[PDB]
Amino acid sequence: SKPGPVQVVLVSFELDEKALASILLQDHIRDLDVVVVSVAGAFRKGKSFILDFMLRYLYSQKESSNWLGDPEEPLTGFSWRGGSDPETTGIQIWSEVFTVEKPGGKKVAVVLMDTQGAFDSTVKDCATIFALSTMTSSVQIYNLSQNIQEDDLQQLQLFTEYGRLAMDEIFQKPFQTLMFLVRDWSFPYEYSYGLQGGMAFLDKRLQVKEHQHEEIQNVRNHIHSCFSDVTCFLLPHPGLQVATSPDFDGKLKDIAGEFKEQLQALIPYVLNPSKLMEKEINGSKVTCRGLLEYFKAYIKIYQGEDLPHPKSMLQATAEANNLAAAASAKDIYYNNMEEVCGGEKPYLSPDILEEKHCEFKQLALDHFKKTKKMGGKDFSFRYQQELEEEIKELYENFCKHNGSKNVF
């Protein structure tokens, strides 16, 4: 009953769909728009240290004020690396999804994602892990040591023709925020720690120059077709005790002061309620229920020998987008009907049951049609017709359950 990391993508690659569904289709979050914060990068680069502070912020927020902690008390990690073979490639998420009220009262679900791979441009693939993580997250925090290297940028080539395809055919950038998190920044006299120094440094690194390799200048020329926002944050060194310790357990006061300072800017910048950014695809928000569909559609196309064609990535996106609309409509029909004739609630005469059915079927189909969907009308119809068959089967079970409560 204790929260912990859940392996959702593992070694080709497999989606553990049951484990992911058990988190995302919980009753209290499945209908909420979901915020998906991913930290991605090479093994042993401090990703889980940052994930731990994000959890401290989220748990402090859940139960309140000094999120950083008590300076006298030792730190304890949250066990993102507790399993066998911690250097393994894959994607984990935290088992506790948080519910946060944004200003004005809208409640959203907040998922934390741990994306680990070799991250080195050669022989094998973890590009699959970076792609799946990027396409499903709303903030991809790309965790790098000391600088943004040309190798680092070359790994974004995965998305370049995808971004160019989507702009050309759907008139929209496919992804939201990419943030370069530069660890152990050592030149504050050139670019100061934090966000303003980071954006000046990123601007310089993103400039195309004739000596760079062709593929890297490509990435520079099209990264802004992929992400609606590209940002960078320079974080200081945490101090030698953190750097040289396996499983750091020293007191908060033993962490370097400038690191703590910049942590208090970085973590709220990502997780403060006014900053939470719901996942969006095709310009419409994704719920925990819908997010499951994107994982299921994306795992399929990354099964092959080679990386998928961009047309197949757009195709999988369109299919999952319509399935997400259908699933949301199906839940509306089911929840309303179960409220009215489910359980041991009293028998309803066929006239009353039919009327309720007609009311909630129309509600459900209207919701599907009103929802913004990719593919055009003929593409979306096949999903609508599928939804109508599901509703018909649901209605039959509701009718047979209702009839079992009849007297004689």
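The first residue of the sequence shown is number 1, and the count goes up from there.
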note = Of the deposited residues between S121 and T122, the number without coordinates is 1 to 3
note = Deposited residues missing from the model between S64 and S65 number 1 to 3
request  = Quick one: say whether 308-316 or 73-81 has the higher mean Cα B-factor in the deposited entry.
outcome  = 73-81
request  = State which stretch shows the higher mean Cα B factor in the entry: 276-284 or 259-267.
outcome  = 259-267
Out of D184, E293, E214, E96, residue topping the C-alpha B-factor column of the entry = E214
inquiry  = Looking at the C-alpha B-factor values in the deposited entry, which of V100, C232, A327, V219 comes out highest?
reply    = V219
task = Taking the chain's C-alpha temperature factors as the reference, tell me which third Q303 falls into: lowest, middle or highest.
result = highest
ask   = Split the chain's modelled residues into thirds by Cα B-factor; is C341 in the lowest, middle or highest one?
value = middle
task = Please place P174 in the lowest, middle or highest third of its chain by C-alpha B factor as given in the entry.
result = lowest
key: Ranked against its chain, the third holding the CA B-factor of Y57   = lowest
request  = Grab the CA temperature factor for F43 from the record and place it in the lowest, middle or highest third of its chain.
outcome  = highest
